[PDB]
Amino acid sequence: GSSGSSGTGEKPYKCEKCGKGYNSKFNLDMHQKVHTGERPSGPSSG
Ligand SMILES: [Zn+2]
Numbered sequence: 066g067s068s069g070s071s072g073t074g075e076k077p078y079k080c081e082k083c084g085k086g087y088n089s090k091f092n093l094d095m096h097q098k099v100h101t102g103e104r105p106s107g108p109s110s111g
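Counting along the sequence shown from 1, when you hit position 28 you're at 93 in the numbering used here, and nothing is skipped either side.
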């Protein structure tokens with residue numbers, strides 16, 4: 066029926082903003098400073 070990749074690695078940090086995983090609490094930080102711009106779309110939590 067259906068099948069795909071399970072995810073051997075572990076992504077304890079995800080970026081819902083875009084949808085990418087990060088295996089580093091530090092790396093994600095620098096990345097978090099990317100979706101700052103106030104997109105034309107309404108937020109979700111502030
Ligand atoms: Zn992101």
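For every residue, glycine included, the Cβ atom is placed at its ideal position computed from N, Cα and C.
Would you grab the beta carbon distance between residue i and residue j for me? Rounded to a whole angstrom, and I think it's under 8 Å.
| i | j | result |
| --- | --- | --- |
| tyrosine 78 | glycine 84 | The Cβ separation is near 13 Å, so there is no contact. |
Put residue i into one of helix, strand or coil per three-state DSSP.
| i | result |
| --- | --- |
| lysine 79 | strand |
| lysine 98 | coil |
Under the criterion of a Cβ to heavy atom distance below 7 Å, does residue i qualify as lining ligand 2?
| i | result |
| --- | --- |
| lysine 82 | Among the ligands in the structure shown, ligand 2 does not appear; only ligand 1 can be found there. |
Should residue i be flagged as near chain B, meaning a C-beta pair shorter than 8 Å?
| i | result |
| --- | --- |
| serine 68 | Chain labels in this structure do not include chain B; a single protein chain is all it has. |
Sort the options by Cα distance to residue i and report the nearest one.
| i | options | result |
| --- | --- | --- |
| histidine 96 | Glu103, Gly66, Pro105, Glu81 | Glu81 |
| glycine 74 | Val99, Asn88, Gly111 | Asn88 |
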